[PDB]
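S.K.: This is upload30.tsv (TSV, N, CA and C atoms).
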chain	number	residue	atom	x	y	z
A	1	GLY	N	-1.84	7.49	7.04
A	1	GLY	CA	-2.95	6.66	7.46
A	1	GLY	C	-4.05	6.55	6.42
A	2	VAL	N	-4.36	5.31	6.03
A	2	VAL	CA	-5.38	5.03	5.03
A	2	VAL	C	-6.44	4.15	5.68
A	3	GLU	N	-7.68	4.62	5.67
A	3	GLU	CA	-8.81	3.90	6.23
A	3	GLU	C	-9.80	3.60	5.13
A	4	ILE	N	-10.25	2.35	5.05
A	4	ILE	CA	-11.13	1.89	3.98
A	4	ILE	C	-12.45	1.45	4.60
A	5	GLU	N	-13.55	1.97	4.06
A	5	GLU	CA	-14.90	1.53	4.44
A	5	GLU	C	-15.62	1.17	3.15
A	6	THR	N	-15.63	-0.12	2.84
A	6	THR	CA	-15.98	-0.60	1.51
A	6	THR	C	-17.49	-0.78	1.39
A	7	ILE	N	-18.08	-0.13	0.40
A	7	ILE	CA	-19.39	-0.54	-0.10
A	7	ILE	C	-19.17	-1.80	-0.93
A	8	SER	N	-19.94	-2.86	-0.60
A	8	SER	CA	-19.53	-4.24	-0.85
A	8	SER	C	-19.18	-4.62	-2.29
A	9	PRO	N	-20.06	-4.47	-3.30
A	9	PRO	CA	-20.02	-5.40	-4.44
A	9	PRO	C	-18.82	-5.19	-5.36
A	10	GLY	N	-18.42	-6.29	-5.98
A	10	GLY	CA	-17.23	-6.34	-6.81
A	10	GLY	C	-16.74	-7.76	-6.96
A	11	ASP	N	-15.43	-7.98	-6.88
A	11	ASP	CA	-14.89	-9.33	-6.92
A	11	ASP	C	-13.97	-9.61	-5.73
A	12	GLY	N	-13.23	-8.60	-5.29
A	12	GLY	CA	-12.38	-8.75	-4.13
A	12	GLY	C	-11.13	-9.56	-4.34
A	13	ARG	N	-10.74	-9.84	-5.58
A	13	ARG	CA	-9.55	-10.66	-5.80
A	13	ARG	C	-8.59	-10.01	-6.80
A	14	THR	N	-9.11	-9.22	-7.73
A	14	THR	CA	-8.27	-8.61	-8.75
A	14	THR	C	-7.62	-7.38	-8.14
A	15	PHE	N	-6.40	-7.50	-7.79
A	15	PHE	CA	-5.79	-6.40	-7.06
A	15	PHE	C	-4.87	-5.60	-7.97
A	16	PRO	N	-4.81	-4.28	-7.77
A	16	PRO	CA	-3.90	-3.46	-8.57
A	16	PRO	C	-2.45	-3.74	-8.23
A	17	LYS	N	-1.62	-3.80	-9.27
A	17	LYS	CA	-0.20	-4.10	-9.13
A	17	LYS	C	0.62	-3.05	-9.87
A	18	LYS	N	1.93	-3.20	-9.81
A	18	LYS	CA	2.84	-2.27	-10.47
A	18	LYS	C	2.81	-2.48	-11.97
A	19	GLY	N	3.04	-1.40	-12.71
A	19	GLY	CA	2.96	-1.45	-14.15
A	19	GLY	C	1.56	-1.60	-14.69
A	20	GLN	N	0.55	-1.22	-13.91
A	20	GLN	CA	-0.84	-1.35	-14.31
A	20	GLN	C	-1.49	0.02	-14.39
A	21	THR	N	-2.12	0.30	-15.52
A	21	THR	CA	-2.84	1.55	-15.73
A	21	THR	C	-4.29	1.36	-15.29
A	22	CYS	N	-4.78	2.28	-14.46
A	22	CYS	CA	-6.06	2.11	-13.80
A	22	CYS	C	-6.93	3.35	-13.99
A	23	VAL	N	-8.25	3.13	-13.91
A	23	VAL	CA	-9.26	4.14	-14.20
A	23	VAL	C	-10.15	4.28	-12.97
A	24	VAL	N	-10.25	5.49	-12.44
A	24	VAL	CA	-10.91	5.76	-11.17
A	24	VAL	C	-11.94	6.87	-11.35
A	25	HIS	N	-13.17	6.60	-10.92
A	25	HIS	CA	-14.19	7.65	-10.77
A	25	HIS	C	-14.05	8.25	-9.38
A	26	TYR	N	-13.09	9.16	-9.24
A	26	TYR	CA	-12.88	9.74	-7.93
A	26	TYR	C	-13.84	10.91	-7.70
A	27	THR	N	-13.93	11.31	-6.43
A	27	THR	CA	-14.74	12.46	-6.04
A	27	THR	C	-14.14	13.04	-4.78
A	28	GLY	N	-13.79	14.33	-4.82
A	28	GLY	CA	-13.20	14.97	-3.67
A	28	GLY	C	-14.25	15.45	-2.68
A	29	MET	N	-13.88	15.45	-1.41
A	29	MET	CA	-14.76	15.92	-0.35
A	29	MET	C	-13.92	16.49	0.78
A	30	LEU	N	-14.34	17.65	1.29
A	30	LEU	CA	-13.70	18.28	2.43
A	30	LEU	C	-14.44	17.91	3.70
A	31	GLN	N	-13.67	17.60	4.75
A	31	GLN	CA	-14.25	17.34	6.07
A	31	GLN	C	-14.85	18.63	6.62
A	32	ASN	N	-16.15	18.56	6.96
A	32	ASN	CA	-16.97	19.71	7.36
A	32	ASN	C	-16.92	20.81	6.31
A	33	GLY	N	-16.94	20.41	5.04
A	33	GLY	CA	-16.79	21.36	3.96
A	33	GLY	C	-17.39	20.80	2.69
A	34	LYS	N	-17.41	21.65	1.66
A	34	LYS	CA	-18.03	21.31	0.40
A	34	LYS	C	-17.06	20.54	-0.49
A	35	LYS	N	-17.54	20.19	-1.68
A	35	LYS	CA	-16.71	19.47	-2.63
A	35	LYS	C	-15.66	20.40	-3.23
A	36	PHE	N	-14.58	19.79	-3.72
A	36	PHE	CA	-13.53	20.53	-4.40
A	36	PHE	C	-13.06	19.87	-5.68
A	37	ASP	N	-13.41	18.61	-5.93
A	37	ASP	CA	-12.92	17.93	-7.11
A	37	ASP	C	-13.87	16.79	-7.44
A	38	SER	N	-14.07	16.55	-8.74
A	38	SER	CA	-14.93	15.47	-9.18
A	38	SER	C	-14.56	15.07	-10.60
A	39	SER	N	-14.27	13.78	-10.79
A	39	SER	CA	-14.13	13.22	-12.12
A	39	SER	C	-15.47	12.99	-12.80
A	40	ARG	N	-16.56	13.01	-12.03
A	40	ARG	CA	-17.89	12.86	-12.61
A	40	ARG	C	-18.30	14.09	-13.41
A	41	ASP	N	-17.72	15.24	-13.09
A	41	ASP	CA	-18.05	16.47	-13.81
A	41	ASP	C	-17.51	16.43	-15.23
A	42	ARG	N	-16.21	16.19	-15.37
A	42	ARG	CA	-15.59	16.17	-16.69
A	42	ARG	C	-15.88	14.90	-17.46
A	43	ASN	N	-16.24	13.82	-16.75
A	43	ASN	CA	-16.62	12.51	-17.30
A	43	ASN	C	-15.50	11.85	-18.10
A	44	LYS	N	-14.27	12.31	-17.95
A	44	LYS	CA	-13.09	11.64	-18.48
A	44	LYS	C	-12.38	11.02	-17.29
A	45	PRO	N	-12.55	9.73	-17.04
A	45	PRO	CA	-12.31	9.21	-15.69
A	45	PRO	C	-10.86	8.92	-15.32
A	46	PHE	N	-9.94	9.80	-15.70
A	46	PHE	CA	-8.61	9.97	-15.09
A	46	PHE	C	-7.77	8.70	-15.15
A	47	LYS	N	-7.38	8.36	-16.38
A	47	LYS	CA	-6.46	7.24	-16.59
A	47	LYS	C	-5.09	7.55	-15.99
A	48	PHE	N	-4.62	6.67	-15.10
A	48	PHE	CA	-3.31	6.83	-14.50
A	48	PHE	C	-2.78	5.44	-14.14
A	49	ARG	N	-1.51	5.40	-13.74
A	49	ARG	CA	-0.82	4.15	-13.45
A	49	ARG	C	-0.32	4.15	-12.01
A	50	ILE	N	0.31	3.05	-11.62
A	50	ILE	CA	0.81	2.85	-10.27
A	50	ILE	C	2.32	2.67	-10.33
A	51	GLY	N	3.04	3.38	-9.46
A	51	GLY	CA	4.47	3.21	-9.32
A	51	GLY	C	5.32	4.40	-9.73
A	52	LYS	N	4.73	5.55	-10.02
A	52	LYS	CA	5.48	6.73	-10.41
A	52	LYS	C	5.31	7.88	-9.43
A	53	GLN	N	4.55	7.68	-8.35
A	53	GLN	CA	4.17	8.71	-7.37
A	53	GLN	C	3.53	9.92	-8.05
A	54	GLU	N	2.69	9.64	-9.05
A	54	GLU	CA	1.93	10.69	-9.70
A	54	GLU	C	0.84	11.22	-8.77
A	55	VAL	N	0.16	10.32	-8.07
A	55	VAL	CA	-0.86	10.68	-7.09
A	55	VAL	C	-0.20	11.00	-5.76
A	56	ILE	N	-0.99	11.54	-4.83
A	56	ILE	CA	-0.56	11.77	-3.46
A	56	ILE	C	-0.47	10.43	-2.72
A	57	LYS	N	0.15	10.44	-1.54
A	57	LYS	CA	0.43	9.20	-0.82
A	57	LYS	C	-0.83	8.58	-0.24
A	58	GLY	N	-1.76	9.41	0.24
A	58	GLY	CA	-2.99	8.87	0.81
A	58	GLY	C	-3.88	8.21	-0.22
A	59	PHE	N	-3.91	8.76	-1.43
A	59	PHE	CA	-4.63	8.14	-2.53
A	59	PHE	C	-3.88	6.94	-3.09
A	60	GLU	N	-2.57	6.87	-2.86
A	60	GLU	CA	-1.74	5.82	-3.45
A	60	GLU	C	-2.01	4.48	-2.79
A	61	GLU	N	-1.94	4.43	-1.45
A	61	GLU	CA	-2.15	3.18	-0.74
A	61	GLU	C	-3.60	2.74	-0.79
A	62	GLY	N	-4.53	3.69	-0.94
A	62	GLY	CA	-5.93	3.34	-1.09
A	62	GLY	C	-6.26	2.70	-2.42
A	63	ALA	N	-5.43	2.93	-3.44
A	63	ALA	CA	-5.66	2.28	-4.72
A	63	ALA	C	-5.35	0.79	-4.65
A	64	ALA	N	-4.26	0.42	-3.97
A	64	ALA	CA	-3.86	-0.98	-3.90
A	64	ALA	C	-4.76	-1.80	-2.99
A	65	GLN	N	-5.44	-1.17	-2.05
A	65	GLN	CA	-6.30	-1.88	-1.10
A	65	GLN	C	-7.73	-2.02	-1.59
A	66	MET	N	-7.95	-1.98	-2.91
A	66	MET	CA	-9.26	-2.15	-3.50
A	66	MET	C	-9.21	-3.26	-4.54
A	67	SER	N	-10.34	-3.49	-5.19
A	67	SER	CA	-10.42	-4.44	-6.29
A	67	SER	C	-11.43	-3.94	-7.30
A	68	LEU	N	-11.62	-4.72	-8.37
A	68	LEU	CA	-12.44	-4.28	-9.49
A	68	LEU	C	-13.92	-4.31	-9.14
A	69	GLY	N	-14.63	-3.24	-9.52
A	69	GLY	CA	-16.04	-3.11	-9.24
A	69	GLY	C	-16.37	-2.57	-7.87
A	70	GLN	N	-15.40	-2.46	-6.98
A	70	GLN	CA	-15.65	-2.06	-5.60
A	70	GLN	C	-15.92	-0.57	-5.51
A	71	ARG	N	-16.22	-0.12	-4.29
A	71	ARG	CA	-16.53	1.28	-4.04
A	71	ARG	C	-16.15	1.57	-2.59
A	72	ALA	N	-14.97	2.14	-2.40
A	72	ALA	CA	-14.44	2.37	-1.07
A	72	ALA	C	-14.71	3.81	-0.64
A	73	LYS	N	-14.14	4.20	0.49
A	73	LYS	CA	-14.24	5.57	0.99
A	73	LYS	C	-12.96	5.88	1.74
A	74	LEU	N	-12.11	6.71	1.15
A	74	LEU	CA	-10.81	7.00	1.72
A	74	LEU	C	-10.93	7.93	2.92
A	75	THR	N	-9.84	8.00	3.68
A	75	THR	CA	-9.70	8.97	4.76
A	75	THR	C	-8.21	9.29	4.85
A	76	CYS	N	-7.82	10.42	4.28
A	76	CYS	CA	-6.42	10.79	4.14
A	76	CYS	C	-6.00	11.71	5.27
A	77	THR	N	-4.85	11.40	5.88
A	77	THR	CA	-4.27	12.26	6.88
A	77	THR	C	-3.69	13.51	6.21
A	78	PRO	N	-3.55	14.62	6.96
A	78	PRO	CA	-2.98	15.83	6.34
A	78	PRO	C	-1.52	15.69	5.95
A	79	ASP	N	-0.72	14.97	6.75
A	79	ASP	CA	0.72	14.94	6.54
A	79	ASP	C	1.16	14.15	5.32
A	80	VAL	N	0.28	13.33	4.74
A	80	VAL	CA	0.68	12.58	3.55
A	80	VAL	C	0.40	13.34	2.26
A	81	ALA	N	-0.51	14.31	2.26
A	81	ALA	CA	-0.85	15.00	1.02
A	81	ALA	C	-0.51	16.49	1.04
A	82	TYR	N	-1.12	17.27	1.92
A	82	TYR	CA	-0.96	18.72	1.82
A	82	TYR	C	-0.92	19.45	3.16
A	83	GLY	N	-0.93	18.75	4.30
A	83	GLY	CA	-1.18	19.41	5.58
A	83	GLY	C	-0.07	20.36	6.01
A	84	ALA	N	1.16	20.10	5.58
A	84	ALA	CA	2.23	21.06	5.82
A	84	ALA	C	2.14	22.22	4.83
A	85	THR	N	1.99	21.91	3.54
A	85	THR	CA	2.03	22.94	2.52
A	85	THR	C	0.67	23.61	2.34
A	86	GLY	N	-0.33	22.84	1.92
A	86	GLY	CA	-1.58	23.41	1.47
A	86	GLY	C	-1.51	23.77	0.00
A	87	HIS	N	-2.44	23.24	-0.79
A	87	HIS	CA	-2.43	23.53	-2.22
A	87	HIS	C	-2.95	24.94	-2.45
A	88	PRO	N	-2.29	25.74	-3.32
A	88	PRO	CA	-2.57	27.18	-3.38
A	88	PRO	C	-3.98	27.55	-3.81
A	89	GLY	N	-4.75	28.09	-2.86
A	89	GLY	CA	-6.11	28.54	-3.10
A	89	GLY	C	-7.17	27.46	-3.07
A	90	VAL	N	-6.80	26.19	-3.16
A	90	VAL	CA	-7.75	25.10	-3.31
A	90	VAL	C	-7.85	24.27	-2.04
A	91	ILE	N	-6.71	23.91	-1.46
A	91	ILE	CA	-6.66	23.11	-0.25
A	91	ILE	C	-5.88	23.88	0.81
A	92	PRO	N	-6.48	24.20	1.95
A	92	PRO	CA	-5.78	24.98	2.97
A	92	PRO	C	-4.73	24.13	3.66
A	93	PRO	N	-3.76	24.75	4.34
A	93	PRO	CA	-2.83	23.97	5.16
A	93	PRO	C	-3.54	23.32	6.34
A	94	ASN	N	-3.02	22.15	6.73
A	94	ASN	CA	-3.59	21.28	7.76
A	94	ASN	C	-5.03	20.92	7.43
A	95	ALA	N	-5.19	20.19	6.32
A	95	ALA	CA	-6.50	19.78	5.84
A	95	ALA	C	-6.58	18.26	5.79
A	96	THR	N	-7.69	17.73	6.28
A	96	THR	CA	-7.96	16.30	6.26
A	96	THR	C	-8.94	16.00	5.13
A	97	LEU	N	-8.60	15.04	4.29
A	97	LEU	CA	-9.26	14.85	3.01
A	97	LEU	C	-10.15	13.61	3.02
A	98	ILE	N	-11.28	13.72	2.33
A	98	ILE	CA	-12.25	12.63	2.19
A	98	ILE	C	-12.43	12.38	0.70
A	99	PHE	N	-12.46	11.11	0.31
A	99	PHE	CA	-12.59	10.75	-1.10
A	99	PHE	C	-13.64	9.68	-1.30
A	100	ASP	N	-14.41	9.83	-2.36
A	100	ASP	CA	-15.29	8.78	-2.85
A	100	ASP	C	-14.64	8.18	-4.09
A	101	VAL	N	-14.26	6.91	-4.01
A	101	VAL	CA	-13.44	6.27	-5.03
A	101	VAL	C	-14.15	5.01	-5.50
A	102	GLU	N	-14.37	4.91	-6.81
A	102	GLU	CA	-14.80	3.67	-7.45
A	102	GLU	C	-13.73	3.24	-8.44
A	103	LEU	N	-13.35	1.97	-8.39
A	103	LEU	CA	-12.29	1.43	-9.24
A	103	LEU	C	-12.92	0.59	-10.34
A	104	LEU	N	-12.95	1.13	-11.55
A	104	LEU	CA	-13.36	0.39	-12.74
A	104	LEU	C	-12.21	0.49	-13.73
A	105	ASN	N	-11.23	-0.39	-13.57
A	105	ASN	CA	-9.95	-0.24	-14.24
A	105	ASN	C	-9.76	-1.28	-15.33
A	106	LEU	N	-8.56	-1.28	-15.92
A	106	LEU	CA	-8.13	-2.32	-16.83
A	106	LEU	C	-6.81	-2.88	-16.35
A	107	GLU	N	-6.20	-3.75	-17.16
A	107	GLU	CA	-4.87	-4.34	-16.94
A	107	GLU	C	-4.76	-5.10	-15.61
Using structure tokens, write down the structure from this file.
M.R.:
Amino acid sequence: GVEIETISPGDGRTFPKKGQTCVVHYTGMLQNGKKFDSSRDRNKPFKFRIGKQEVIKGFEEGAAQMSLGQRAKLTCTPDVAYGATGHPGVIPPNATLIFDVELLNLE
């Protein structure tokens, strides 16, 4: 389940496609919890592509449902990313994830 609550401005037409390398200022957030991840800290804004399942599934569908300049807010279910397993020491099992995502990409 992917839920989008878009902070408005951007273009709304340039959509991410396959074979496209994209740049995301992501920010991790725990539901009823503190932060766990931020691309704003390292300031190297995480160049990655679409179509190799490099990212988790909840972040994957949220990438395609955005456009250039936009600023969405993800809501990831536990079963698509880590809710069965839990990432060791960082993300507990059965965890619901919140993301602050801005798409300022190329291609």
S.K.: Which residues are near residue 91 in chain A? Cut-off 8 Å, only N, CA and C atoms, ignore same chain within fewer than 6 positions. Put them as a PyMOL selection string.
M.R.: chain A and resi 82-83+85
S.K.: Can you spit out the residues from that selection as a PDB file, in the coordinates of the input, using N, CA and C atoms?
M.R.:
ATOM      1  N   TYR A  82      -1.120  17.270   1.920  1.00  0.00           N
ATOM      2  CA  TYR A  82      -0.960  18.720   1.820  1.00  0.00           C
ATOM      3  C   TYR A  82      -0.920  19.450   3.160  1.00  0.00           C
ATOM      4  N   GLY A  83      -0.930  18.750   4.300  1.00  0.00           N
ATOM      5  CA  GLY A  83      -1.180  19.410   5.580  1.00  0.00           C
ATOM      6  C   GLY A  83      -0.070  20.360   6.010  1.00  0.00           C
ATOM      7  N   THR A  85       1.990  21.910   3.540  1.00  0.00           N
ATOM      8  CA  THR A  85       2.030  22.940   2.520  1.00  0.00           C
ATOM      9  C   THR A  85       0.670  23.610   2.340  1.00  0.00           C
TER      10      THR A  85
END
S.K.: Please run DSSP on the backbone and report, as a compact mmCIF listing (two decimals) with N, CA and C atoms, in the coordinates of the input, all residues within chain A that come out as helix (DSSP H, G or I).
M.R.:
# COMPACT_ATOMS: atom_id res chain seq x y z
N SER A 39 -14.27 13.78 -10.79
CA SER A 39 -14.13 13.22 -12.12
C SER A 39 -15.47 12.99 -12.80
N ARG A 40 -16.56 13.01 -12.03
CA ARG A 40 -17.89 12.86 -12.61
C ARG A 40 -18.30 14.09 -13.41
N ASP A 41 -17.72 15.24 -13.09
CA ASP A 41 -18.05 16.47 -13.81
C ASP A 41 -17.51 16.43 -15.23
N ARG A 42 -16.21 16.19 -15.37
CA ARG A 42 -15.59 16.17 -16.69
C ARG A 42 -15.88 14.90 -17.46
N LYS A 57 0.15 10.44 -1.54
CA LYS A 57 0.43 9.20 -0.82
C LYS A 57 -0.83 8.58 -0.24
N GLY A 58 -1.76 9.41 0.24
CA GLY A 58 -2.99 8.87 0.81
C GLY A 58 -3.88 8.21 -0.22
N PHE A 59 -3.91 8.76 -1.43
CA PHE A 59 -4.63 8.14 -2.53
C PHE A 59 -3.88 6.94 -3.09
N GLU A 60 -2.57 6.87 -2.86
CA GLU A 60 -1.74 5.82 -3.45
C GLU A 60 -2.01 4.48 -2.79
N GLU A 61 -1.94 4.43 -1.45
CA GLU A 61 -2.15 3.18 -0.74
C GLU A 61 -3.60 2.74 -0.79
N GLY A 62 -4.53 3.69 -0.94
CA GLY A 62 -5.93 3.34 -1.09
C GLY A 62 -6.26 2.70 -2.42
N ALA A 63 -5.43 2.93 -3.44
CA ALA A 63 -5.66 2.28 -4.72
C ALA A 63 -5.35 0.79 -4.65
N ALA A 64 -4.26 0.42 -3.97
CA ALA A 64 -3.86 -0.98 -3.90
C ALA A 64 -4.76 -1.80 -2.99
N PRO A 78 -3.55 14.62 6.96
CA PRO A 78 -2.98 15.83 6.34
C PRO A 78 -1.52 15.69 5.95
N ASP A 79 -0.72 14.97 6.75
CA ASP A 79 0.72 14.94 6.54
C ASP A 79 1.16 14.15 5.32
N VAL A 80 0.28 13.33 4.74
CA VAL A 80 0.68 12.58 3.55
C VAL A 80 0.40 13.34 2.26
N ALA A 81 -0.51 14.31 2.26
CA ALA A 81 -0.85 15.00 1.02
C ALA A 81 -0.51 16.49 1.04
S.K.: For residue 68 in chain A, which residue out of A:31, A:14, A:43, A:53 is the nearest one, using only C-alpha atoms?
M.R.: A:14
S.K.: For the atom pair CA of residue 55 in chain A and atom N of residue 76 in chain A, what is the interatomic distance in Å to one decimal place?
M.R.: 13.3 Å
S.K.: Rounded to one decimal place, report the CA of residue 37 in chain A-CA of residue 22 in chain A distance in Å.
M.R.: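 CA of residue 22 in chain A lies at a distance of 18.5 Å from CA of residue 37 in chain A.
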S.K.: Would you work out the distance separating CA of residue 88 in chain A from CA of residue 23 in chain A, expressed in Å to one decimal?
M.R.: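 Calculated distance between CA of residue 88 in chain A and CA of residue 23 in chain A is 26.3 Å.
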S.K.: Selecting N, CA and C atoms, how would range 63-75 of chain A from this structure be written as an mmCIF file, in the first residue's frame?
M.R.:
data_model
loop_
_atom_site.group_PDB
_atom_site.id
_atom_site.type_symbol
_atom_site.label_atom_id
_atom_site.label_comp_id
_atom_site.auth_asym_id
_atom_site.auth_seq_id
_atom_site.Cartn_x
_atom_site.Cartn_y
_atom_site.Cartn_z
ATOM 1 N N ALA A 63 7.905 6.247 -6.111
ATOM 2 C CA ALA A 63 8.746 7.003 -7.029
ATOM 3 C C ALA A 63 8.014 7.293 -8.333
ATOM 4 N N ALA A 64 7.289 6.305 -8.862
ATOM 5 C CA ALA A 64 6.608 6.471 -10.140
ATOM 6 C C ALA A 64 5.388 7.372 -10.042
ATOM 7 N N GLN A 65 4.804 7.515 -8.854
ATOM 8 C CA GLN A 65 3.609 8.320 -8.665
ATOM 9 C C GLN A 65 3.922 9.772 -8.325
ATOM 10 N N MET A 66 5.100 10.260 -8.704
ATOM 11 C CA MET A 66 5.496 11.639 -8.474
ATOM 12 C C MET A 66 5.917 12.267 -9.796
ATOM 13 N N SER A 67 6.351 13.523 -9.725
ATOM 14 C CA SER A 67 6.893 14.223 -10.878
ATOM 15 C C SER A 67 7.984 15.173 -10.406
ATOM 16 N N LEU A 68 8.567 15.896 -11.359
ATOM 17 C CA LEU A 68 9.730 16.726 -11.078
ATOM 18 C C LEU A 68 9.346 17.971 -10.290
ATOM 19 N N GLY A 69 10.141 18.274 -9.264
ATOM 20 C CA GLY A 69 9.901 19.414 -8.409
ATOM 21 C C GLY A 69 8.910 19.179 -7.294
ATOM 22 N N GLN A 70 8.204 18.053 -7.301
ATOM 23 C CA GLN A 70 7.154 17.792 -6.334
ATOM 24 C C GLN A 70 7.738 17.430 -4.973
ATOM 25 N N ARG A 71 6.847 17.241 -4.005
ATOM 26 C CA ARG A 71 7.247 16.917 -2.640
ATOM 27 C C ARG A 71 6.109 16.117 -2.016
ATOM 28 N N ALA A 72 6.240 14.800 -2.025
ATOM 29 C CA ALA A 72 5.184 13.925 -1.555
ATOM 30 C C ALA A 72 5.447 13.506 -0.112
ATOM 31 N N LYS A 73 4.637 12.573 0.378
ATOM 32 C CA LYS A 73 4.815 12.016 1.714
ATOM 33 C C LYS A 73 4.340 10.573 1.674
ATOM 34 N N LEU A 74 5.280 9.637 1.732
ATOM 35 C CA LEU A 74 4.957 8.229 1.597
ATOM 36 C C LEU A 74 4.297 7.691 2.861
ATOM 37 N N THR A 75 3.698 6.511 2.721
ATOM 38 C CA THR A 75 3.184 5.753 3.858
ATOM 39 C C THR A 75 3.314 4.281 3.477
#
